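Student: Please see the structure below; I have some questions.
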Amino acid sequence: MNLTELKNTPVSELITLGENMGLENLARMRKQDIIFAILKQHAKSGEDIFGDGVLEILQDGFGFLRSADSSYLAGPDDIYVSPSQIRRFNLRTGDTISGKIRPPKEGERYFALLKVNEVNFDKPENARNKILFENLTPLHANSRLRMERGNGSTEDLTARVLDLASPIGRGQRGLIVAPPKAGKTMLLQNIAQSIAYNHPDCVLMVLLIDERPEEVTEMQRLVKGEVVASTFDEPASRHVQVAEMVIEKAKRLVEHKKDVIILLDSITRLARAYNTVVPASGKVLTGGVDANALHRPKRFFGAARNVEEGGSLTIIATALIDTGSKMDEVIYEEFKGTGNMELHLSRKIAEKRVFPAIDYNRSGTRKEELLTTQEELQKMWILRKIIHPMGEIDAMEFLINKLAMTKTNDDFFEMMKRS
Amino acid sequence: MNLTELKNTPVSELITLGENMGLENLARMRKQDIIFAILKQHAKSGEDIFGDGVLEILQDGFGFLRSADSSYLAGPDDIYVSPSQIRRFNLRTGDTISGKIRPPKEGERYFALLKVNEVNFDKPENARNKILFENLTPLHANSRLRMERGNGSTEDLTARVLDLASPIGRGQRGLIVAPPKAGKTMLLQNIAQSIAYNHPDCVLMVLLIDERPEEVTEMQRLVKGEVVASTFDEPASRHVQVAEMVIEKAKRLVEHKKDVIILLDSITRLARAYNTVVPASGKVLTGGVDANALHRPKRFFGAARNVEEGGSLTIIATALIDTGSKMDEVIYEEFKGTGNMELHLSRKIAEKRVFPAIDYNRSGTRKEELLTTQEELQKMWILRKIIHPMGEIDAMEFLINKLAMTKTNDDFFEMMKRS
Amino acid sequence: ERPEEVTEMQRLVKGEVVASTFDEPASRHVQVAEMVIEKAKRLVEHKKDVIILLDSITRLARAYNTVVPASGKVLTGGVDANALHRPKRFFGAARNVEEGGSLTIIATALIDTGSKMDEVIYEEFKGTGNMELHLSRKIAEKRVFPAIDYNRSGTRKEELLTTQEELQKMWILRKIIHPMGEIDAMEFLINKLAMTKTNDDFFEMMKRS
Amino acid sequence: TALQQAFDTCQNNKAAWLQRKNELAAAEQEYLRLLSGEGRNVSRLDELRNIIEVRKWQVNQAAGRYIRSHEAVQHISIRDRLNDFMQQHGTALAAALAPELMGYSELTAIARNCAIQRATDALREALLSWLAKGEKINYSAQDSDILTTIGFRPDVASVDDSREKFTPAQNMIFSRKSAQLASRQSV
Ligand SMILES: Nc1ncnc2c1ncn2[C@@H]1O[C@H](COP(=O)(O)OP(=O)(O)OP(=O)(O)O)[C@@H](O)[C@H]1O
Ligand SMILES: Nc1ncnc2c1ncn2[C@@H]1O[C@H](COP(=O)(O)OP(=O)(O)OP(=O)(O)O)[C@@H](O)[C@H]1O
Ligand SMILES: [Mg+2]
Ligand SMILES: [Mg+2]
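Top line first, the protein sequences correspond to chains L, M, N and j.
The entry's author numbering puts the first residue of the first sequence at 1, with every later residue one more than the last.
The entry's author numbering puts the first residue of the second sequence at 1, with every later residue one more than the last.
The entry's author numbering puts the first residue of the third sequence at 211, with every later residue one more than the last.
The entry's author numbering puts the first residue of the fourth sequence at 4, with every later residue one more than the last.
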């Protein structure tokens, strides 16, 4: 068989089929151990097995190959890759690999690679002639992503007002400022599913770090696209490793003319993990945070750009404020104006039973002219001018009850001027 | 010979039984030595001997069976088990094993096991075929837990406000942010006794860390459910090992379709023990906490979850604040977002002779809309809206003077909404 | 302690007092402390009430730390886990026996001595006792003694120790003395109770004048 | 026949309250004997004061429980007597207050409650006549003897000690005092 179908199955049928084929008392061990034993038995039987995953290289070329479904766990099922084929094919970290896998022999405990049939959904020789991500020229978000599904979903409202507040374009830098208990997770999953529905072509990735396991599994269930999530149980080292793996996979994939967007929940937690994972540089910013450590999140957050040659990498991230700690405000101030698109969430607007809890007056976008049309831009700026004089309570409730009396956004666009 | 009640019973009848056959002067050594001596004397006469315990494996398979009622002390009464039978009958850490016990021979001083007649409170045949706890997919809380006893007891009043403050659900990580002198101990034992008196089917466990012996024995003689209390006597090694063994036992019990609720007090002391027991990793955070000193508490606290089928494990832990220690502050800060519900024990409420000290405006719950009925849900919402504006002292007074005069929670709702 | 204090105590106290100056090494202190605590344990085993005054826990812990073998894990300030576990057995004997006898331990601790490990082990000893009272340098500077701080001091579960009316008196005193500062409240209470004869008379003259 | 059980409960509550009263008196007398006994004994004096405090608290609790049992006995006797009398003379007083109860029949809840309260005030005005003239009346002869045993309302000795009220915290701490008293008395 292949690792692809083995990984994405509940352990029930897996253990039943393992018992039917017959390995051992295969109940009391890890799922990765069960998969390893099944693969060992199948290899001993004599049938060839395919393999696929995402490749990473250590500091000495000791290459590993992990799987996205298992959240890049360092289990025994990871494929070993020697530096020989790494140099022969001139591959690096983040290159998706698939091909024949060599069963392990004596002296090693990891499955090896016989041959690779394709790399990053492309031929091994064709993908070699590609330039690095940093060699491209950034450009503004020319294309427009619309969150309106068009089916008039009753829960689509949170997305609709977003198009009326912050237009979304490919290759932009998105940041979200949200206090705790602001309904940001549901908004993010709504955005992800709207993107998957309206734009099935673009590759969707959702990254979760140090989140609750229930949130992780509901992200897995709800999102049709693949979602990578590392919980808080593992130390910050694994969070750093998985974040680097995801960002480098996105960088390697965008060169194949793929529009890739990735979620970041949250930038503050990733920055904290970077701060607590790196050694002290001798200079510490006030409060107890290393200034040098903040260089690491930028590498993750500075890749949001649009490429004229093709492809567009988009980073949409959320940030935490008023959490009671001092780190969150320091991270917010560090990432104050580093992104070209920001969306504000507020707590007082959330505690009055109106959602989404978007602060329309403060939240905004940059370079809307080249991103959307003209007349719609003028009409929405007129709407913003109407919203501005009043506060956030009346404006938000008014917008919510006005967007609920019709279905089509175009119909809403043609009703305020008539009255 | 069902050594359970032999260990449970006090020392007077044990001394009389030991002196029945004139076993020298056994009123001087430890209880474990007395039990070992009487067990060897009964075994030497040829009668069959039975024993039960909780399994903990060493680094070489030299497994030990500890006694729950002995506070998991590493005394001579622990039952030795060989790796061979562990592999044959599929034994793991935290499992409960009962059966025939082999008398020791020359070369060893610990009782072995002849044949186990029960493991994990069911047949050993189907016990070996069980799914690991971490392999089960987590979910959100589904079953509501009512802290109200319903008998209108004056002691239940505080529990009543708990149902009005934050509902308790299965697989819910609960935080009790309680500074010293906040009345959390009797609140915790009230919660435990309410759970025992309202949900006898659900397995109730209480965990005490480095607590004074008087409180330990008060808890032991108060709650009918069994309580594990690592006292203030032993060093951090025993605390961390007993915490690991009890959490493994809880996982093993919940793997068998059993609901388990564990109360812990306090998580700050457990984190302190983990920090002082972990070897230095070379990266020290502010407050003298290692970079890996949080891995163990995070892994312990993230265990609680609601599985897709079977029993659920729920952890309620108490965290201290304003103790004058910076590491307490940092562990509380890193433990803020890891729980889906928390109650604040406001200090200012304590000195006003109004109890329980609940900062109702600050405290809250998450995902409660999918837990309770929508009618009482919106009733709680309007109650929260009513209580939100005014201060904590007067809100607590207004809640107490009207909840004490009524009978039950729904009666309180009816009387407050009729006026 | 110095020989002066131990000699004046032994010539001033009524019951027998165990003492050991610093002229002897730390091992002498360790052995005398352990033998005293186990002797008191035996005395309370024989259903006899025994009270142990400890002065001071910080110095005893320091001696234990200096004498304990290193287990390879040393905390900040040159303190080991066993270095604090050894004095823990001496300090944790305070408990009550329901069928007869009692073993009460009252101990003093040193802070602001110029060594940070002193306050570290004080913090480790912050939540181990059910009764605490502090002494402030500034209160003693004003030459008013004892330099006790009423707001800071407290007793855990003092309701069971005293009666209801004494509890009411204690808590009305708490409410009266809590708002104002420490030195002014201390001098006010000491001068208002100085003219009295007994505590009950003071309570009676303050409750309704 | 639950009236007999209620009467027995009231009687044993009264006996327990009398036991509490006499033991409290014994504690008070021994305490006052020790007051003039001299020789300090501060710990003994404090423990005896705690003993007498818990004794008087449990005396108050027993008196309150006895009063509650007595009033429950009165209520059950009243309801049983009224039930049997209504089964004996229902029609006469049903026709005395006829029109409201005849129009009652089947109506809405508000109308039914209004009719019930109209009947209650009508019978109040009816009973006011004998409330004014008020000749002497004795207990029902069927079960007078039990009513003879309880007689009138509970005596002043059972109510003079129930004047004060205790907050739930007081109840909890005094229950702890009683529990430790029992634990130390058992040994
Ligand atoms: N439109 C809405 N209708 C009903 N409930 C809503 C709506 N928007 C938000 N909520 C409520 O807001 C709550 C906030 O929980 P949620 O998990 O979404 O928070 P978050 O802002 O993502 O952050 P965190 O999970 O860290 O608290 C949800 O439990 C949900 O019940
Ligand atoms: N419902 C209540 N009614 C009356 N008193 C209460 C109530 N709840 C708490 N208290 C008081 O709160 C005090 C707190 O004592 P306790 O030692 O148990 O507190 P804790 O919060 O567990 O913390 P710590 O043990 O560190 O002091 C108790 O002595 C008790 O008098
Ligand atoms: Mg969220
Ligand atoms: Mg406590």
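A virtual CB, placed ideally from N, CA and C, is assigned to each residue, including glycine.
Which residues bound the alpha helix (DSSP H) around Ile-331 (chain N)?
Tutor: 326–334 is the extent of the alpha helix (DSSP H) around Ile-331 (chain N).
Student: Who are the near neighbours of residue 476 (chain L) in its chain, counting only those whose CB is closer than 6 Å to its CB and skipping five residues on each side?
Tutor: The structure shown has nothing for residue 476 (chain L), since chain L only spans 1 to 419.
Student: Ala-159 (chain L): beta carbon under 7 Å from a heavy atom of ligand 1?
Tutor: No, the beta carbon of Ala-159 (chain L) sits no closer than 7 Å to any heavy atom of ligand 1.
Student: For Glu-56 (chain L), which three-state DSSP category applies?
Tutor: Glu-56 (chain L) falls in the strand class under three-state DSSP.
Student: Any chance the CB of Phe-89 (chain M) is under 7 Å from a heavy atom of ligand 2?
Tutor: No, since every heavy atom of ligand 2 falls outside the 7 Å radius drawn around the Cβ of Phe-89 (chain M).
Student: Taking the beta carbon of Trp-60 (chain j) as the centre, do at least 16 other beta carbons fall within 10 Å, making it buried, or is it exposed?
Tutor: Result: buried.
Student: Roughly how many angstroms separate the alpha carbons of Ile-168 (chain M) and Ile-262 (chain M), rounded to a whole number?
Tutor: Roughly 12 Å separates the two Cα atoms.
Student: Taking buried to mean at least 16 other C-beta atoms within 10 Å of its own C-beta, is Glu-47 (chain M) buried or exposed?
Tutor: The residue in question, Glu-47 (chain M), is exposed, as its Cβ has fewer than 16 Cβ neighbours within 10 Å.
Student: To the nearest angstrom, how far is the alpha carbon of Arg-179 (chain j) from that of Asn-25 (chain M)?
Tutor: One C-alpha to the other measures close to 38 Å.
Student: So if DSSP puts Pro-138 (chain M) in a beta bridge, which residue, or which two residues, is it bridged to?
Tutor: Note: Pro-138 (chain M) sits in a beta bridge opposite M:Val-307.
Student: Indicate the three-state DSSP secondary structure (helix, strand or coil) for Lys-283 (chain M) in the structure shown.
Tutor: Reduced to three states, the DSSP call for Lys-283 (chain M) is coil.
Student: Going by beta carbon distance, what residues of the same chain come within less than 7 Å of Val-161 (chain L), once the five residues before and after it are set aside?
Tutor: Only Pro-356, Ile-358, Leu-399 and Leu-403 meet the Cβ criterion.
Student: By how many angstroms is the C-alpha of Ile-57 (chain L) removed from the C-alpha of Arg-87 (chain L)?
Tutor: Their backbone Cα atoms lie some 11 Å apart in a straight line.
Student: According to a CB-to-CB cut-off of less than 9 Å, which residues of the segment 146–158 of chain M neighbour chain j?
Tutor: Cβ contacts with chain j: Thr-154, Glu-155 and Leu-157.
Student: Using a Cβ-Cβ cut-off of less than 9 Å, list which residues of the segment 17–47 of chain j approach chain N; keep chain order.
Tutor: Answer set for the segment 17–47 of chain j: empty.
Student: Got a sec: is the Cβ-Cβ distance from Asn-116 (chain j) to anything in chain M below 8 Å?
Tutor: Chain M contact via Cβ: absent.
Student: Look at the Cβ atom of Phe-133 (chain M), then the Cβ atom of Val-116 (chain M), and state whether they are nearer than 8 Å.
Tutor: No, the Cβ-Cβ distance between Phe-133 (chain M) and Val-116 (chain M) is not below 8 Å.
Student: Looking only at C-alpha atoms, which of N:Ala-293, N:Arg-366, N:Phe-232 and N:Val-354 sits nearest to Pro-180 (chain M)?
Tutor: It is N:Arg-366.
Student: Below 8 Å on C-beta distance, what does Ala-291 (chain N) contact in chain M?
Tutor: Near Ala-291 (chain N) (Cβ distances below 8 Å), the residues of chain M are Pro-235, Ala-236, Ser-237, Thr-276 and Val-277.
Student: What does the Cβ neighbour count give for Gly-310 (chain L), buried or exposed, with the cut at 16 atoms within 10 Å?
Tutor: That one is exposed.
Student: Using DSSP's beta-bridge definition, name the partner residues of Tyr-80 (chain L).
Tutor: Answer is L:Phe-64.
Student: Going along chain L in order, which residues have a C-beta closer than 8 Å to the C-beta of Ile-34 (chain M)?
Tutor: Correct list: empty, because the minimum Cβ distance to chain L is about 36 Å.
Student: Which one or two residues does DSSP pair with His-295 (chain L) in a beta bridge?
Tutor: In the DSSP output, where bridge partners are listed per residue, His-295 (chain L) has none listed.
Student: List the endpoints of the continuous beta strand (DSSP E) containing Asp-259 (chain L).
Tutor: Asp-259 (chain L) -> beta strand (DSSP E) spans 259–265.
Student: For the alpha helix (DSSP H) that contains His-239 (chain N), what are its first and last residues?
Tutor: Unbroken alpha helix (DSSP H) run through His-239 (chain N): 236–255.
Student: Quick check on DSSP: helix, strand or coil for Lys-115 (chain L)?
Tutor: In the structure shown, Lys-115 (chain L) sits in a strand (DSSP, three-state: E or B).
Student: Using the Cα positions of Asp-259 (chain L) and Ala-141 (chain L), report the straight-line distance between them to the nearest angstrom.
Tutor: Going by the C-alpha atoms only, they are around 12 Å apart.
Student: Go to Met-405 (chain M), then tell me how far its beta strand (DSSP E) extends in each direction, as first and last residue.
Tutor: Counting along the chain, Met-405 (chain M) falls outside any beta strand (DSSP E), and DSSP gives it neither H nor E.
Student: Below 9 Å on C-beta distance, what does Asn-8 (chain M) contact in chain L?
Tutor: Chain L residues near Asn-8 (chain M): none, gap ~31 Å exceeds 9 Å.
Student: Which chain N residues sit within Cβ distance under 7 Å of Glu-56 (chain j)?
Tutor: What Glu-56 (chain j) touches in chain N: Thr-373 and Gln-374.
Student: Please confirm whether any heavy atom of ligand 1 lies closer than 7 Å to the CB of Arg-366 (chain M).
Tutor: Within the cutoff, so yes.
Student: Quick one: using the 10 Å Cβ neighbour count with 16 as the cut-off for buried, is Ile-247 (chain L) buried or exposed?
Tutor: So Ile-247 (chain L) counts as buried.
Student: Closest Cβ-Cβ distance between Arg-252 (chain M) and chain L: below 8 Å?
Tutor: It does not; no Cβ of chain L falls within 8 Å.
Student: Could you give the C-beta distance for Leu-175 (chain M) and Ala-317 (chain M), rounded to a whole number, given that I count them as a contact under 8 Å?
Tutor: That pair is a contact at about 6 Å.
Student: For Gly-287 (chain M), which residues in the same chain have their Cβ closer than 6 Å to its Cβ, ignoring the five residues on either side in sequence?
Tutor: Counting only Cβ-Cβ distances below 6 Å, and skipping sequence neighbours, we find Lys-326, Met-327 and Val-330.
Student: In this structure, how does DSSP classify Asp-290 (chain M) when only helix, strand and coil are distinguished?
Tutor: Strand, per DSSP.
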